[PDB]
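Input: a single structure, listed below in structure tokens.
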Amino acid sequence: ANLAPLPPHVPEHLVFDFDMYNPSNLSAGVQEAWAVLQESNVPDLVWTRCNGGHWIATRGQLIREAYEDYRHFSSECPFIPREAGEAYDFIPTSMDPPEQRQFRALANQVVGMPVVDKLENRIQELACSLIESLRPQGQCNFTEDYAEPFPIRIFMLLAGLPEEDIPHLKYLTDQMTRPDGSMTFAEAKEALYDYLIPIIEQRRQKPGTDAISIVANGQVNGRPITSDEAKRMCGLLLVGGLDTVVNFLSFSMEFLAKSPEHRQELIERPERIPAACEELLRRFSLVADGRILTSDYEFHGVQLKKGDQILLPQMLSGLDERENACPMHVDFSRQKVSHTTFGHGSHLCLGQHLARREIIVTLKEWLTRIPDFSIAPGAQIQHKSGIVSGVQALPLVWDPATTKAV
Ligand code: HEM
């Protein structure tokens with residue numbers, strides 16, 4: 001890899017060239033690959049020369065800490081590389097309190113608990129339809145057959161966007177989280193905003209009841225939201241809607257496809273599913289963004305310099321043995337599932353209730369109809385890493401004679 005020149009103020013012993021877009025031991029799994037940052041030979045706060053050079057807090061306590069101190073760690077540049085953090089202007093994430101506060105309130109109206117509760121029937125229906133549709137096939141490509149359509153259509157439904165725009169939209173968000181080099185972030189950004197601008201003006205003239213209409217005609221600071229702000233808020237919703245649960249579902253199903261005992265457990269004790277959901281969210285956490293130093297600052301003995309970027313992997317907190325014993329083992333009965341999978345501080349994920357709902361429904365509905373399944377033989381499952389990690393393909397197979405329509 002191409003390392004960037006070690007800045008003068010960075011100690012050589014703090015260097016650890018970890019590449020968040022292509023971790024060295026990715027073949028062992030993306031979480032495993034990131035967990036190497038937590039080995040004994042790695043300091044708690046290191047500096048990677050990769051992707052332009054930036055710090056990485058490797059421990060749950062430091063990640064939580066930095067996330068709570070927005071005064072030193074600004075959300076103004078939350079992505080690595082720097083070009084990505086700059087071209088990034090999403091709302092409410094590119095804002096630090098108290099500003100993001102109002103915008104966070106409005107985004108909550110469109111994805112908050114009340115919306116989720118109201119959409120629960122639709123969510124349940126879709127899961128049941130998708131699964132009953134596959135149950136007899138005796139096989140499927142989970143990533144394209146379920147993980148993608150289930151959450152995305154629910155989001156398209158909630159946003160009032162045609163399911164026909166999904167391919168184009170999904171490619172653009174994936175470009176922002178796991179860049180393939182085809183275009184810069186600013187370009188993926190633009191392409192995404194190009195799609196929204198007309199829609200926003202449209203729903204501004206003729207407001208509807210969809211999320212985009214609600215956002216576009218919402219109010220912030222006691223006054224109306226601008227088209228720009230509406231667009232920046234919606235760009236983020238698109239990413240959360242098309243590139244989060246979509247990826248997380250595959251990590252969990254890959255796992256269940258190999259854990260017959262874990263499946264049996266939720267089959268018999270469905271009351272355990274919400275706990276299983278939280279534990280899988282810990283073990284298969286997948287997000288990693290960060291902050292930018294607002295000024296020179298000494299953190300846990302390390303001298304941080306104004307302008308310095310620091311990755312605070314939400315993914316690492318719950319994997320930290322200091323936070324959970326035997327962090328790599330999945331135990332649905334963990335007395336306390338500690339994690340920051342949905343973030344920490346003033347930017348706690350607003351779509352986590354929807355995510356949990358979607359996850360719990362999948363677990364229940366899938367295991368009901370298709371209790372016994374496994375990964376297709378010879379299949380090699382591969383992961384991908386970035387601001388949000390995912391799974392390349394997930395071929396599953398099963399005996400329809402063991403399934404059952406409900
Ligand atoms: C498994 C699913 C998901 C995970 C793991 C996840 C994770 C995250 C994380 C870690 C943050 C904080 C980032 C930071 O502090 O810089 C965040 C913020 C946010 N997420 Fe999610 N998210 C998920 C699903 C969703 C969904 C489905 C939506 C729906 C559009 C969504 C909407 C948001 C919003 C609006 C914010 C901004 C909150 C703020 O800045 O105050 N997320 N998400």
Side-chain angles (χ1 to χ4, degrees), residues 1-4 17-34 48-54 56 77-90 93 141-149 151-152 155-156 161 164-196 234-251 254 284-290 309 311 313-315 379-395:
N2 323 252
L3 274 5
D17 307 302
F18 182 83
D19 181 11
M20 69 170 283
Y21 289 109
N22 178 211
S24 301
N25 305 289
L26 192 51
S27 68
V30 72
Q31 284 82 195
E32 282 85 352
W34 281 72
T48 184
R49 284 180 294 172
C50 307
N51 303 117
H54 58 89
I56 308 174
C77 195
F79 275 41
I80 290 292
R82 195 172 296 268
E83 300 78 50
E86 270 142 6
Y88 182 118
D89 55 4
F90 291 157
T93 62
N141 315 297
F142 193 83
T143 65
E144 49 186 348
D145 297 351
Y146 187 99
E148 284 186 29
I152 294 177
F155 174 81
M156 288 312 261
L161 300 176
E164 282 74 26
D165 293 355
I166 283 167
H168 168 66
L169 294 179
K170 175 69 170 149
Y171 168 86
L172 279 176
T173 53
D174 285 9
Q175 275 338 270
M176 305 188 92
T177 50
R178 296 178 297 285
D180 66 356
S182 80
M183 36 177 101
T184 106
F185 175 89
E187 274 165 345
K189 185 204 171 174
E190 265 21 271
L192 190 60
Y193 281 176
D194 276 353
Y195 169 93
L196 295 167
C234 289
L236 176 52
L237 299 173
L238 269 282
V239 181
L242 285 35
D243 204 38
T244 57
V245 176
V246 161
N247 297 300
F248 180 73
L249 285 171
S250 298
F251 283 123
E254 177 185 10
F284 300 107
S285 206
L286 69 172
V287 185
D289 77 335
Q309 281 190 285
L311 183 73
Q314 279 93 352
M315 175 200 322
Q380 295 273 282
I381 307 312
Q382 273 176 300
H383 295 172
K384 293 277 124 170
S385 182
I387 304 277
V388 179
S389 299
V391 173
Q392 210 81 98
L394 185 53

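We number each residue from 1, following the sequence as shown. Below, each value reflects all heavy atoms present in this structure, side chains not excepted, and no hydrogens, waters or symmetry copies.
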Hey, does [Y] have a side-chain heavy atom less than 4.5 Å from the side chain of [X]?
X    : Y    : result
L238 : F155 : yes
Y171 : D180 : yes
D19  : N51  : yes

Contact summary for [X] and [Y], nearest pair of heavy atoms:
X    : Y    : answer
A87  : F185 : CB-CD2, 3.4 Å
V246 : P151 : CG2-CG, 3.5 Å
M183 : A188 : SD-CA, 3.9 Å
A288 : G386 : CB-O, 4.4 Å
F18  : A33  : CE1-O, 3.5 Å
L286 : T244 : CD1-O, 4.0 Å

Separation of [Y] [atom2] from [X] [atom1] (nearest 0.5 Å):
X    : Y    : atom1 : atom2 : result
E254 : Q382 : CD    : CD    : 11.0 Å
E86  : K189 : CD    : NZ    : 10.5 Å
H54  : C77  : NE2   : SG    : 11.5 Å
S389 : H383 : OG    : NE2   : 9.0 Å
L161 : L196 : CG    : CG    : 7.5 Å
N22  : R178 : CG    : CZ    : 14.0 Å

- [ ] Report yes or no: does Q392 contribute a side-chain atom to a donor-acceptor pair with the main-chain N or O of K384 at less than 3.5 Å?
- [x] no
Task: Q309 side chain to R82 backbone, donor-acceptor under 3.5 Å - done: yes
- [ ] Apply side-chain hydrogen bond (donor to acceptor under 3.5 Å, both in side chains) to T143 and list each qualifying residue two or more places apart in sequence or on a separate chain.
- [x] none
Task: Pair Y193-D89, side chain to side chain donor-acceptor pair (under 3.5 Å): steps then yes or no - done: CA-CA 11 Å; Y193 281 176; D89 55 4; 2.5 Å; yes
TODO: Just do the side chain to side chain contact (heavy atoms under 4.5 Å, CB included) check on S285 and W34 with the steps written out, would you?
DONE: CA-CA 11 Å; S285 206; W34 281 72; over 6 Å; no
Task: Stepwise side chain to side chain contact (heavy atoms under 4.5 Å, CB included) check, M176 with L172 - done: CA-CA 7 Å; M176 305 188 92; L172 279 176; over 6 Å; no
Open item on the list: Can you tell me how the ring of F79 sits relative to the ring of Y88, calling it parallel under 30°, perpendicular over 60° and tilted otherwise?
Closed with: tilted
Open item on the list: One pair to check against side chain to side chain contact (heavy atoms under 4.5 Å, CB included): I80 and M20. What are the steps and the verdict?
Closed with: CA-CA 9 Å; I80 290 292; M20 69 170 283; 3.9 Å; yes
Open item on the list: For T177 and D243, which I'm curious about, is there any donor-acceptor pair between the side chains at under 3.5 Å?
Closed with: yes
Task: Side-chain donor-acceptor contact under 3.5 Å, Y195 with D165 - done: yes
Open item on the list: Run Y21 and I387 through side chain to side chain contact (heavy atoms under 4.5 Å, CB included) and show every step you take.
Closed with: CA-CA 8 Å; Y21 289 109; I387 304 277; 3.5 Å; yes
